Structures are given as C-alpha cells and as structure tokens.
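Student: Shown below is the structure under consideration.
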Amino acid sequence: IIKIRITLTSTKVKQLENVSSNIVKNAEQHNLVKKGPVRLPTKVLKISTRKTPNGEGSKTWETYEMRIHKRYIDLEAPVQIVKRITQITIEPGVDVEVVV
Amino acid sequence: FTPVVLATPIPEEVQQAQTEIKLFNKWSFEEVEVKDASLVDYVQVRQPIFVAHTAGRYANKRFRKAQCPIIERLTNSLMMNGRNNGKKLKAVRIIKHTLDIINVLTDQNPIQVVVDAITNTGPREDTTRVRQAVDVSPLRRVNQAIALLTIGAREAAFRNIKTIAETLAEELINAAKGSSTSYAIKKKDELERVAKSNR
Amino acid sequence: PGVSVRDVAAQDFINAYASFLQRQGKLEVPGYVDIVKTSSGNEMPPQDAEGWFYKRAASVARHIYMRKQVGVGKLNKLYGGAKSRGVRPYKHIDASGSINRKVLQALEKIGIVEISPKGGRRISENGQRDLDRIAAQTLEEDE
Amino acid sequence: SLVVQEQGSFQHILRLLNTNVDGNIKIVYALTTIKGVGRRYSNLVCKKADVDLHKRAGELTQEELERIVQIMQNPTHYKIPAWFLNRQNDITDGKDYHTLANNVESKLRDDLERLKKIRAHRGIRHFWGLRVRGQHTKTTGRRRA
Amino acid sequence: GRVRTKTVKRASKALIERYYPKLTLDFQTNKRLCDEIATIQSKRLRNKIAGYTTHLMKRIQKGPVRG
Amino acid sequence: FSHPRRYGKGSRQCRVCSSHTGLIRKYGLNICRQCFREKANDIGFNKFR
Amino acid sequence: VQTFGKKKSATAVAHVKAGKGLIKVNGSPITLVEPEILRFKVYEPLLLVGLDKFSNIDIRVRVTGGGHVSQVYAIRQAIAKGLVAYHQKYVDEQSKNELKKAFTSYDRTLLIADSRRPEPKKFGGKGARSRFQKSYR
Amino acid sequence: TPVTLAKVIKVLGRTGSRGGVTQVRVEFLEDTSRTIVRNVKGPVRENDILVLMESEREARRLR
Amino acid sequence: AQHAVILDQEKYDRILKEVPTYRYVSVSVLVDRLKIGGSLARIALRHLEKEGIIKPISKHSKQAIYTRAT
RNA sequence: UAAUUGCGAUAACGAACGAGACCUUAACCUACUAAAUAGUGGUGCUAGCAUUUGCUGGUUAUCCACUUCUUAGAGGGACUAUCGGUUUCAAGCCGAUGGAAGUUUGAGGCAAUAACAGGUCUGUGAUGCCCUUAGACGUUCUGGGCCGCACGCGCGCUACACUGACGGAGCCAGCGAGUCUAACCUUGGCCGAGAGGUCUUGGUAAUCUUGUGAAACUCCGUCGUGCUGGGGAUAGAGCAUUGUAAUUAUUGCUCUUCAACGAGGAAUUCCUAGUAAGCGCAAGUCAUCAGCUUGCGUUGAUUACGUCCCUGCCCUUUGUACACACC
Ligand SMILES: [Mg+2]
Ligand SMILES: [Mg+2]
Ligand SMILES: [Zn+2]
C-alpha cells in the first residue's frame, strides 16, 4: 500500500465538507490509518473597487470577497482503494489533488 | 519582613509591597485626603496602584471617570499636544519624575500635593452662554483643574530649558500651595473673577 | 548557579561584552569605522567611533545566542530604522549590509558564531561559553 | 569635570579659511559653518585630525586647527574616499575635489555659466530663475521673496 | 432600545395562547421548548421569542394580560 | 508598424472590453474595474461586509 | 496547567507546573520584562496574593502577537489565570476562590480578557470613524 | 470668600441654548432644612456637593 | 552658548556653597541658576555625584533628580 | 423605540414593501472533530552555565502523548437574564449583580416608493441620431504635450523642536501578495560606504519570503535652547537601479548648499472608546515612480452621555398671492 494525500480546495463549504466526510467515511469503513482532515484557513481574496463607472459622486468603495477553504487528508491505501477514492469524490465545485 | 526567596530572585524592594500598609513602590496612598468635601468621590485615591497605567475602560459610561486614579487622569491629560498623542509610557515616566521632584521640594507626599493642586485649581463658579454665572459640578471641577495644570506645564516647558517633568512639578507645587504664580491658579482666578461680574 | 545570557536582559550584558571585545585587543575592525553611518536611513556616524563596532559585535552575538541562525539580511532589517526622507513620510530602511557581514565574519574568526547547515550564522560552542561567562560575571558584579 | 581655568587662552569666534567660526560650539558643528563642509564631512575631518570632538572649537589648540584645515583642503590624501567629496570628476580634469571655501559658490556659478553658455536646458532654466529639476511650477515657489 | 417587533411579539403571544400548560417562567426551558414546538429560522430570533414569552408568562402570574 | 508593448498600460487590456484603463490585475483577472463589477458574481466574488 | 492571556492581539501562554518558584516570561526572569516602567504590571499578580508564597509552583510564559504594552498585559493576565487554574485543579476550590477575590477586587483585566478590539476602518476617511476633510468651495 | 457648601438632592433638567447647563435642586449642608435651585455647567448627579460663592440666587431657565 | 559655556570657574566656590536655599538639583537647575551651562551641566552633575554634595534619586536619562547631602 | 419600533387608540379591516428580521466579520467556549503545512510537553541525540541534576538553548523524517495557544467545521452562548425602582393598565426605561459580551453586543453588507434633465456616449463588440470614413476624426510610427508659470483655490506630506533631534542598544504586530512558459516574493553566502551587484536557495504557498526582527515606542548617551545638532525646500557634483528610451532631473544612494517656517487672520473640517490622534505595514494602480487610496495592526487621550442655539432632517398643526415650488 502507498502513502497518499488528498488536497481539497473550494469556495463551497458545504460541498467541501461533504467530500471530506465522504473520504473519512470510506477510510473508516475499510479501517485504514489516516491523519485527520486538516483545514487550511480560508483565503479571503478581497478585491476593493470603486462603485461608480466614472469619477462622480461620494467616493464609495466596494469590497468583493472570494473565500477559498482548503482541506488535506493523508492516509495509506492500496492502488484499488486509491483509485476508488479519487473516483468517488466528483462533487461539483471541489478541486481534488491526490499526491503519493 | 518575611525575606523568603525563590528560584528567580526578585528583590526585596519589590518584596516589601504588601507585607505592611499598602503603597505604591515609592508613595503611600493611605495618607492622602482631599482638603475639601465636594471633590470627594471624584478624586480617586484608595484604591492604590503600582503604576498609573491602568489600561481600563473609563469612557463607555458617564461618571466612570471618577473611579479612574487621579494620577492616571493627570497622566492621560499629559498624553496630549498631538505630537505626543499616545506615548503613555512617556507620560507615566513624566509623572514618575514629577512625583520624585515634588518629594524633593517640600516632600509633602507628592500624591497628596497633586490632590491639593487639583482641589485648589478646580473652578467653583464659571459663566455659560445664554453670559450667566453658573456653578461648576465637582467632576467638571476636577477635569478643568487637571486640564489647566497639564496645559500650564505644557506651555511652560515649551521652548525652555526645564523639562516637562519639572515644569509640571513647579505647577503642581504652586497650585497646591495656592500661589498666584501657577498658571492653573491664575486661570481659575480669572474664571471666578468673571463669575461675580456676570451674576 | 546556572546563569545564562537570558538573566541580564538588554544593556548590561551588551555593554560588558563590548568592553570584553575591546579589552581582548583582537579588533577585526574593517577600517570602515569613522567613515560609515551603519545605515542608509541614518544621518550621522555613530557618536563614539571607538567602540561602536564592538557594541555592534556584542549585540549581534547576543542576538544569535537568543535564537537560532541569523543572517545578514535579518541583521540589516533589525538594525535599520526609519529614514527621514525630507518632506516625505518616514519608512523603514534596511541597515548597512557590509557592517553586519563583517561583524559576522569577525565573530566567526573569533569563534563566537559559525556557519549554519541551514544558512546564516548560529552561535558556536565557544560563543556560548564566552557569552555565559560574561553573563555570570555581569550578574555577580552588579545585580 | 576638570580645571578649565584658561584665563586668557580660550578663542571666541575665530577665523578659518576666510570664514568666521564660533569658538563656543563643539568643534564639528562649529566647523559646519564653512561653505563646503557639512556635519558628516566635518565629523570625518575632525576624526582624521585626531582631535577630541568633545571640546569646543575655541580651546583645542592653535596648531591642530591648522591640521584640520590641511586635512580639509586635502581630503583624498588623508585617507578620505572619493564618494565623500562634493566635486568628483568635476567637468574638466576628472580629479576629485571638495569645494570648501568662498569658492563653492564660485564653482556653482561656473557650472551654471557653462550650462547657459552651451545653452543647455538646465542653464536656460537657471537664467530664467525657474526650477530646474522637473518640478511643477504651477502651484509652488511663486513669491520667493 | 430593546423594543420587540411584531414578528417576536405575535409569535410569543401565540406560543402562550396554545402552550400554557407548558414551558415555565425560565428562559432556558422556554427556548428549549421553542426549539421543539416552533420552526424559527435563526437562533437569535428563537432566543428573542423565548425571552418575550418568558416575560409575558412572568407578568401573567400577576393577573390576566389583554390579548 | 509596431513599437514595444511589453509593459505599461499598453501591454495589457481588459479581457472583456479591451480597455487599457481601470484594469484589475489582482489574481490575474485582467478585467476592467467596471466589467468586473458587471460580472463579479459569475467569477465568484461576493459581497459580505 | 496551561493558561493564556490576551489584550488586543498578543497571546501569552503560561505553563504552571510543580517546581520551586521560577517565574520566566520569555526564557528570562520576570525581572527582565523590559518596558522598564510597566514591570510592576507583571509583578502585580504576584504581590497581590503572596509575595513569595511559592516554593511549589513554576510559571513559564511565552508571549507573541501584539505590542510591548499588550504583551505586558497579556503575560500579567496569563500568569494570574495560570495560578488560579493551578489552585482550582490541584490545591483547593476554597483557596482558588479566595485569591480570585483579591485578583478580581483589584482587577486590571487580570482574569478577564479585555473585549476591546480594533474597529474596522471604513472608506471615505482614515480610521474607523475619522473622515477626510470636507470642502465646499 | 465665605464658605458655603450644598448637596444636589434632585436634578431638575437641562437648560441653556445648547443644553449645557443642568438645573438642580440643592440643599445646604449647614441648615439642611432649606433648598435653593441652582444652575451647574458640568456633569452633576444626585448626592453631589456644590461649592457656591453666593448662597441665595434662585436660578431660572436660561434662554 | 549665550551663557556659562566652558569655564564656570571665576566663582568656583559656587560648587561648594551652592547647597543652601535649594534641595533640588538638575540639568536645567544648573542652566537656570546662573552657574553652569547645559553643555556641561550633565557632566557637572556627574562630577558632584561621584564626589560632592548631590545624591541621586534615580538613574533616569533625559532627566536628573538630585538632592542635598543629609 | 434607533425605527410607521411597539403599547395602545380607533371608519376602518386585513395586507405588501422598507425598519427589524437576515448575512458577513470581531469578541468567549480548559465543550466535540482534527492537525512535521499550527503548536505544546516526556523521552531520545545533544553545545553551554550550574553539577543532586536544575536553567536556556538544539536536534524540518529523532522518539511518544496531547490540543491550552493556532486553525476551521458542526454547535453552544445573550434573550437586555436575575433582582430592585420607575412606569397612566403596557410598550418600555433606569441602576446593580452575574456574564466574554447588556449601545440594536461592536463594525459592516443588503437595503423601499418616488425622483434629479446629478455623472458617465472617455469602461463596454450597450447604443439611437448627427458628423467623419482613404490628405480619415479609423489605425499605426517618430517626436513633443498632458508636468509647461505674474496668480487664486481644494485634498495632503513635512515641520516650526528638549513630551525633541541625533547616535548606539532594546527588538513587538496584523491584514495580505507572490513565477511553469518563467522570471514573481526572495531567505542564505560573497562584494560594495550606500544604493546596489553577484552565486545559490525556498516557495504555485498555515510549508518559503516571514516571526514580514514595521514605525511610533523603550533604555542609555551627545546636543542645551540659539532658526541650533529644529526644518529640509532650492541647487551642484558623482554612483547605480527600471526601462528601447530618464533631457523637462522616473526613482534610489553619497557629499555639499541649508530657503521659508518661531504654532498660523478672517474663516473652517473630522471625531464619543480600542474611538480621536500619533505610528508604521501590506494591497491597488506598478517595468520604474506615493507625499494617494483601500484595508491592517502598534501606542492610545481629553471631553460629553446633552440640546435644538447654528446648520439641517423626520412627524403633526398652521398660513401662503409659492407649483420652475423662497434660488
Ligand atoms: Mg493632469
Ligand atoms: Mg427672496
Ligand atoms: Zn473592462
């Protein structure tokens, strides 16, 4: 069996947590050893801009936010479990990177 | 008294804090009493403090300022002139130096000297725009006395050889003795001079 | 009774190690003294030309003792202050790199610091010995 | 600190390189009054002269003053770097000078004069009296009097 | 100020109107029962409803309340 | 028929409207500050505070 | 056994263990806190309860994250909370309450962290509430 | 400078153009069975002690 | 440099009989009472502290508090 | 009541929007889950000082245990709770206790109906109409200008100094950003007085830059109250960096010159608590260029807890010869 690490990145917190719980459940159902899902903190990609498309009026600024939450979950599993765990989490919105 | 030691040695000049009657590390707080009866409950001594740097909330309510140590109120009012906004460490060092200089010149318990200066320089009657002669509340009396003392020390120390600490010391000494050479006493005398001419 | 550099904090140890480096006679001075400002963000050279390099060396040695390996850039950032840019707002400016690098090389030649496997200079065994001796001497001479 | 009796042996404002130098100021800042030497240059020359900088300009000696003058007039010779000089590779001989006299004004006038003689834009701006370093003239430096 | 809006007051009134042999004059049990007998869509609003219900039943025991 | 445009405001343009001014280059959007307001929700930038 | 203190952003984690009266703040003794004027702010949680009072406990602090004054207050709260926690966990609830009385009766945020946080800055002026200078003509 | 102290037993209300003055019912410490109405500039509450130069001046509202 | 620059010794007995009429001594006290200039007040205080009549109150920089010998 | 928020009253009844509710964030939680991308201890290995074994340090694949700090998921927590007083009968209000937090808990985001001849045709391959369309008003290339200076005005930066300047020494943040078609954030070594150069390195990032060793600040010294060692405008000379290209100086660095300015007239701005003010930092624009802005944190006051006097706003009553609505 191989050492693997699954890195999950998303703006959708519900989808991210659903995928992380799916991975944890699929690990515990086969009784594998895993270092629990570590939550890499939300990168708030703040962007401040001017509301007006011109230069008139009260100088009102406007901040937009893009919250990038990250999870990482590393465990040990054979090639069959590795392939089925990378092919069980295709939830729309979560980026999944599996490294050996 | 009780010269016990521990692994990190902290000196007996610190260990003598509370074995006897409580005090600040140089000036006692029990031998301080305001020379009047109206400025009680608005000049705050006893409780005592080891340093006039209580980073405490005192402005979210109306009369909570009266519970702030009067030495710290003097420090906060020294914490002014714009260039010196902030610099509370500077202001508390100035207060320490001022207290030492007060004790050097006619020692008289420099905390007690500060209290006497405030009580003497609190204007009792002032004028309001309607002018009309009105009385002054004790809280405003304390606030105006502190403001006058600090401002006098500030503009005395401005552009002259003596430091802010010693200018404040002279101002507090003269105000406590009630002499007309202190700026705060002169200003309070002017405010009370136009109190009777506007009745 | 088990006294380290962390028992005298900021000025007594620094002045005593500067005095020790002065009396040891080993100067390691680059000849830049009297000429340099120690930072582009300064306005004047050090006031005491004889001994400012020794205080710098003592400070660098203590700074490398108190933590792990420290480099020339870290020392530059540490010793650089704000610069009066005229009618422009102040800003942090890094200190002189050559002075810090030559201080590091001087303490290397004396054997107080050594090159780290991970970069920068880490205090040497003899460096700790000398610094601990100075700390104990300062403590036993003046509380 | 010591005996400073010196009943008749203190120099009040004195003469140095055709410039009045106050004897009541510490040596370096007293010397900074000469046109061509500033704080850093005076500090460097006073440390090269082996003079005690902690004393006023009026009591040091009558000969180490001339030593400072010699060091000041010959900086590159007394172990002073070229980058410490106000006149490097000046315009016509490449030597490193330090104009320290009532001659820094002369050299400045020579530079301005050569610029306007060759009709360079800086020289023309100097002739008009306007700002020369690309500054905005719309709002600042109006009265100047 | 701390004036409760109609969204709070009417809901507390209805909760008392059909749950008197029920949650006592203690806010803790009032909110715990509100969780079960009302689909409030925020804990802040639920706490508001429970507190106003507690106050209303506390003043009920001094006599009937109009409405 | 061309002079260098490897830097400055003429090197890059809005990926939507091709405007050289008011460009937002943070995170590599390269989108005008007005076009970004028009289609910020699509990219995933929201307002919270 | 493990406690912490905060004032604005400085957190000081204190370990209170069984030992013999050793009070360290950053590896140095508490005599070495170095504001040089607020060094009694870090002595205050000692001089209130008992001057020596201790051949039994060792306090070792580590503070990071704020400023000089904020770190001073953070460690002064941390060691007080550590002493209270040690007395609650090991010695007795009576003593824990009895010295909590002194700490809270003289309270300068010794046991309760100050809730004042920097209010966010708004556009149209530097600072949270200060606005840029407005002109009319 | 005759000395006469009083204690505000009741705060009547704000007065003055800007509302800077508080009108208060005050009761003298000596001869406690007598009350006069006064105008105060600073912040004042009940059970507070005023020092007044002139003892008898029935203060009215300030327009 | 306006006054009391380097000598302050024509009346050097004012370093012995200066104790009366004042218990407070400082840099600005020396400058103000027509004896010693601020350019060497900081070293005259050190002289009198090392040997003389003044006793320190604290080791403060940017300030100096001295008292007469008791 | 902050509120057309409610108690109520009642030719209205029952509703809708807005307010509130809501969402984000900042406070606490020794509660759960889980962490060599966060951390802390007990053993290992292990330099120093002290030797009854302690102190501080080291050990980025060296051991185990844990989650207080940190992180972020699911939740808890406050609801003005309790207790008094005041409340026309109530909505509420005022104190004290408890509480992490009692002002809508702090800050925001969102935010109605009607409008304005408000701004934007120079954001748009949004656009009607008009003009132009091959000596073009399309587009591109070189050069210049947008910055140009008798003067007036607005936003600001730096100061007028000792509550300071300058030298050493102490050495504390938080919000963030960063390059695989490639040159971004750069540690470390070396050279240089500096700016900077060079040889490597880590990082596509809780991993490295970076603990962003920030500045104000603190300590100790020099200066000594004078346009001074305050102030740094103007100018001269040189050294570099970015760029195809620095002249009208892009900027940085060194030396020199060292102006006004001695706290500012009439006027006038912003602001109530971690706020004002001071202090710097990151991001944006960016090849280079902050005295700008957007945020962030560090130090941290005074004063008030009111009023309708000024300037305005909301509701009611009232008068009008106003309706472009008192300009
Ligand atoms: Mg323009
Ligand atoms: Mg008219
Ligand atoms: Zn666009």
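Student: Say we look at chain F and pick out the residues that are more than 8 Å from every other protein chain (Cβ to nearest Cβ) and aromatic (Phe, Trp, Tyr); which of these is surrounded by the most Cβ atoms within 10 Å (Cβ to Cβ)?
Tutor: F:7
Student: Here's a check for you: in the stretch C:1-30, which residue that is among the basic types (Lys, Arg) and part of a helix (DSSP H, G or I) is farthest from RNA strand J (Cβ to nearest atom)? Step through it out loud before you land on a result.
Tutor: Taking the stretch C:1-30 first, the residues among the basic types (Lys, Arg) are C:6, C:23, C:26.
Then drop every residue that is not part of a helix (DSSP H, G or I), which leaves C:6, C:23.
Numbers: C:6: 5, C:23: 17 Å.
Looking at residues that are among the basic types (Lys, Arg) and part of a helix (DSSP H, G or I), I get C:23.
Student: Another question, if that's okay. Name the residues in the stretch C:64-79 that are assigned to a loop (DSSP other than H, G, I, E, B) and closer than 13 Å to residue C:98 by Cα, would you? If you could, list the steps in order and put the result at the bottom.
Tutor: In the first step, residues of the stretch C:64-79 are kept if they are assigned to a loop (DSSP other than H, G, I, E, B); the result is C:67-69, C:71.
The one that is assigned to a loop (DSSP other than H, G, I, E, B) and closer than 13 Å to residue C:98 by Cα: C:71.
Student: Condition first: under 18 Å from the mean Cα position of the chain (by Cα) and basic (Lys, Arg). Now tell me which residues in the stretch B:174-193 satisfy that.
Tutor: B:177, B:186, B:187, B:188
Student: Take the residues of the stretch A:14-52 that are of a type in the set (S, T, N, Q) and under 16 Å from residue A:84 (Cβ atoms): which is farthest from ligand 3 (Cβ to nearest atom)? Show your work before the answer.
Tutor: Let us first name the residues in the stretch A:14-52 that are of a type in the set (S, T, N, Q), namely A:15, A:18, A:20-22, A:26, A:29, A:31, A:42, A:48-49, A:52.
So of that shortlist, the ones also under 16 Å from residue A:84 (Cβ atoms) come out as A:22, A:26, A:29, A:31.
Working: A:22: 40, A:26: 45, A:29: 50, A:31: 55 Å.
Here the residue is A:31.
Student: Also, I was wondering about something else. Could you check the stretch F:14-47 and list, in sequence order, the residues that are part of a helix (DSSP H, G or I) and more than 10 Å from ligand 3 (Cβ to nearest atom)? Talk me through it step by step, then tell me what you get.
Tutor: Filtering the stretch F:14-47 for residues part of a helix (DSSP H, G or I) gives F:26-28, F:33-38, F:40-43.
Those that are part of a helix (DSSP H, G or I) and more than 10 Å from ligand 3 (Cβ to nearest atom): F:26, F:27, F:28, F:40, F:41, F:42, F:43.
Student: Residues that are within 14 Å of chain D (Cβ to nearest Cβ), more than 16 Å from ligand 3 (Cβ to nearest atom), among the charged types (D, E, K, R) and assigned to a loop (DSSP other than H, G, I, E, B): does the stretch C:118-126 have at least one? Reasoning before the result, please.
Tutor: So in the stretch C:118-126, the residues within 14 Å of chain D (Cβ to nearest Cβ) come out as none.
Scanning the stretch C:118-126 turns up no residue that is within 14 Å of chain D (Cβ to nearest Cβ), more than 16 Å from ligand 3 (Cβ to nearest atom), among the charged types (D, E, K, R) and assigned to a loop (DSSP other than H, G, I, E, B).
Student: Out of the stretch I:11-70, which residues are more than 12 Å from the chain's Cα centre (by Cα) and crowded, with 17+ Cβ neighbours inside 10 Å?
Tutor: Hits for the stretch I:11-70 are I:57, I:63.
Student: For the stretch I:56-69, does any single residue satisfy the condition of being farther than 24 Å from residue B:91 by Cβ, at the interface with chain B (Cβ under 10 Å from one of its Cβ atoms) and not charged (D, E, K, R)?
Tutor: Keep residues of the stretch I:56-69 that are farther than 24 Å from residue B:91 by Cβ, which gives I:67-69.
So of that shortlist, the ones also at the interface with chain B (Cβ under 10 Å from one of its Cβ atoms) come out as I:67-68.
From what's left, not charged (D, E, K, R): I:67.
Scanning the stretch I:56-69 turns up at least one residue that is farther than 24 Å from residue B:91 by Cβ, at the interface with chain B (Cβ under 10 Å from one of its Cβ atoms) and not charged (D, E, K, R).
Student: Quick test for you: out of C:61, C:57, pick the one residue that is more than 7 Å from RNA strand J (Cβ to nearest atom), more than 14 Å from chain D (Cβ to nearest Cβ), closer than 30 Å to residue D:42 by Cα and not in a loop (DSSP other than H, G, I, E, B).
Tutor: Values: C:61 fails: closer than 30 Å to residue D:42 by Cα.
Of the residues listed, the single one that is more than 7 Å from RNA strand J (Cβ to nearest atom), more than 14 Å from chain D (Cβ to nearest Cβ), closer than 30 Å to residue D:42 by Cα and not in a loop (DSSP other than H, G, I, E, B) is C:57.
Student: If I ask for residues that are over 25 Å from residue D:105 (Cβ atoms) and within 14 Å of chain I (Cβ to nearest Cβ), which ones from the stretch D:24-68 would you list? Quick ask: steps written out before the conclusion?
Tutor: Of the residues in the stretch D:24-68, the ones over 25 Å from residue D:105 (Cβ atoms) are D:24, D:26, D:47-56, D:58-64, D:67.
D:24, D:26, D:52, D:53, D:54, D:55, D:56, D:58, D:59, D:60, listed by residue number.
Student: Here's something else I'd like to know. So is residue F:24 out of contact with any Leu (no Cβ under 7 Å at 6 or more places or on another chain) and more than 8 Å from RNA strand J (Cβ to nearest atom) or not? Give the derivation first.
Tutor: Numbers: out of contact with any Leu (no Cβ under 7 Å at 6 or more places or on another chain): yes; more than 8 Å from RNA strand J (Cβ to nearest atom): no.
For residue F:24, the condition - out of contact with any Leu (no Cβ under 7 Å at 6 or more places or on another chain) and more than 8 Å from RNA strand J (Cβ to nearest atom) - is not met.
Student: Related question: State yes or no: is residue A:88 of a type in the set (A, V, I, L, M, F, W, C) and either loosely packed, with under 15 Cβ neighbours inside 10 Å or closer than 30 Å to residue G:131 by Cα (or both)? Break it down stepwise before answering.
Tutor: Values: of a type in the set (A, V, I, L, M, F, W, C): yes; either loosely packed, with under 15 Cβ neighbours inside 10 Å or closer than 30 Å to residue G:131 by Cα (or both): yes.
Judged against the criteria, residue A:88 is a match.
Student: Please go through the stretch H:1-59 and give me each residue that is within 16 Å of RNA strand J (Cβ to nearest atom), of a type in the set (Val, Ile, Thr) and facing chain B (nearest Cβ under 7 Å), ordered by number.
Tutor: H:21, H:40, H:44 - these are the residues of the stretch H:1-59 that are within 16 Å of RNA strand J (Cβ to nearest atom), of a type in the set (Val, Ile, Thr) and facing chain B (nearest Cβ under 7 Å).
Student: Then there's this: Being within 14 Å of chain D (Cβ to nearest Cβ) and part of a loop (DSSP other than H, G, I, E, B) is the filter here, so list the residues in the stretch I:1-34 that pass it.
Tutor: Once the filter is applied, which keeps residues that are within 14 Å of chain D (Cβ to nearest Cβ) and part of a loop (DSSP other than H, G, I, E, B), the stretch I:1-34 yields I:1, I:2, I:3, I:4, I:5, I:6, I:7, I:8, I:9, I:10, I:11.
Student: Are any residues in the stretch B:81-113 aliphatic (A, V, I, L, M), under 21 Å from residue B:175 (Cβ atoms) and more than 9 Å from chain I (Cβ to nearest Cβ), and if so, which ones? Outline the logic, then answer.
Tutor: Of the residues in the stretch B:81-113, the ones aliphatic (A, V, I, L, M) are B:89, B:91-92, B:94-95, B:99, B:101-102, B:104-105, B:111, B:113.
Checking which are under 21 Å from residue B:175 (Cβ atoms) leaves us with B:91-92, B:94-95, B:99, B:101-102, B:104-105, B:111, B:113.
Of everything in the stretch B:81-113, those that are aliphatic (A, V, I, L, M), under 21 Å from residue B:175 (Cβ atoms) and more than 9 Å from chain I (Cβ to nearest Cβ) turn out to be B:91, B:92, B:95, B:99, B:102, B:111, B:113.
Student: Further question on the same structure: Between A:94, A:38, A:24, which is within 14 Å of chain F (Cβ to nearest Cβ) and either surrounded by fewer than 17 Cβ atoms within 10 Å (Cβ to Cβ) or within 30 Å of residue F:49 (Cα to Cα) (or both)?
Tutor: On the way: A:38 fails: within 14 Å of chain F (Cβ to nearest Cβ); A:24 fails: within 14 Å of chain F (Cβ to nearest Cβ).
Sole residue among the options that is within 14 Å of chain F (Cβ to nearest Cβ) and either surrounded by fewer than 17 Cβ atoms within 10 Å (Cβ to Cβ) or within 30 Å of residue F:49 (Cα to Cα) (or both): A:94.
Student: Right, here's the next one. Being farther than 14 Å from residue A:45 by Cβ, hydrophobic (A, V, I, L, M, F, W, C) and more than 8 Å from the chain's Cα centre (by Cα) is the filter here, so list the residues in the stretch F:8-49 that pass it.
Tutor: F:17 - this is the single residue of the stretch F:8-49 that is farther than 14 Å from residue A:45 by Cβ, hydrophobic (A, V, I, L, M, F, W, C) and more than 8 Å from the chain's Cα centre (by Cα).
Student: With (1) in contact with an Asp or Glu (Cβ under 7 Å, 6 or more places away or on another chain); (2) more than 6 Å from RNA strand J (Cβ to nearest atom) as the list, and residue C:41 as the residue in question, which single condition is left unmet?
Tutor: Failed condition: (1).
Student: While we're on this one: Quick one: which helices (runs of 4 or more DSSP H) sit completely within the stretch D:9-92 and have at least 1 residues that are more than 16 Å from ligand 3 (Cβ to nearest atom), on the phi < 0 side of the Ramachandran plot and among the acidic types (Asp, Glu)? Give the steps one after another, and end with the answer.
Tutor: Values: elements: D:27-31, D:39-48, D:64-73.
Result: D:64-73.
Student: Here are C:116, C:59, C:40, C:4: which of them is of a type in the set (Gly, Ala, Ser) and over 25 Å from residue C:134 (Cα atoms)? Spell out the reasoning first.
Tutor: On the way: C:116 fails: over 25 Å from residue C:134 (Cα atoms); C:59 fails: over 25 Å from residue C:134 (Cα atoms); C:4 fails: over 25 Å from residue C:134 (Cα atoms).
From the options C:116, C:59, C:40, C:4, the qualifying one is C:40.
Student: Looking only at the stretch I:35-70, which residues are part of a helix (DSSP H, G or I) and hydrophobic (A, V, I, L, M, F, W, C)? Spell out how you get there, then give the answer.
Tutor: Our first condition is that a residue be part of a helix (DSSP H, G or I); within the stretch I:35-70, this holds for I:38-50.
Result: I:40, I:41, I:43, I:44, I:45, I:48.
Student: Could you check the stretch B:1-33 and list, in sequence order, the residues that are within 11 Å of chain G (Cβ to nearest Cβ) and polar (S, T, N, Q)?
Tutor: Passing the criteria: B:2, B:8, B:15, B:16, B:18, B:19, B:25.
Student: Let me ask something additional. Tell me whether the stretch B:153-168 contains one or more residues that are farther than 18 Å from residue I:62 by Cβ, more than 8 Å from every other protein chain (Cβ to nearest Cβ) and buried (at least 24 other Cβ atoms within 10 Å of the Cβ). Talk me through it step by step, then tell me what you get.
Tutor: Narrowing the stretch B:153-168 to residues farther than 18 Å from residue I:62 by Cβ: B:155.
From what is left, the residues that are more than 8 Å from every other protein chain (Cβ to nearest Cβ) are B:155.
Those still in the list that are buried (at least 24 other Cβ atoms within 10 Å of the Cβ) too: none.
Checked against the condition, which is being farther than 18 Å from residue I:62 by Cβ, more than 8 Å from every other protein chain (Cβ to nearest Cβ) and buried (at least 24 other Cβ atoms within 10 Å of the Cβ), the stretch B:153-168 yields no hits at all.
Note: ideal-geometry Cβ built from the backbone for every residue, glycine included; neighbour counts use all protein chains shown. Bear in mind these aren't lab numbers, they're just calculated from the coordinates by the rules spelled out.
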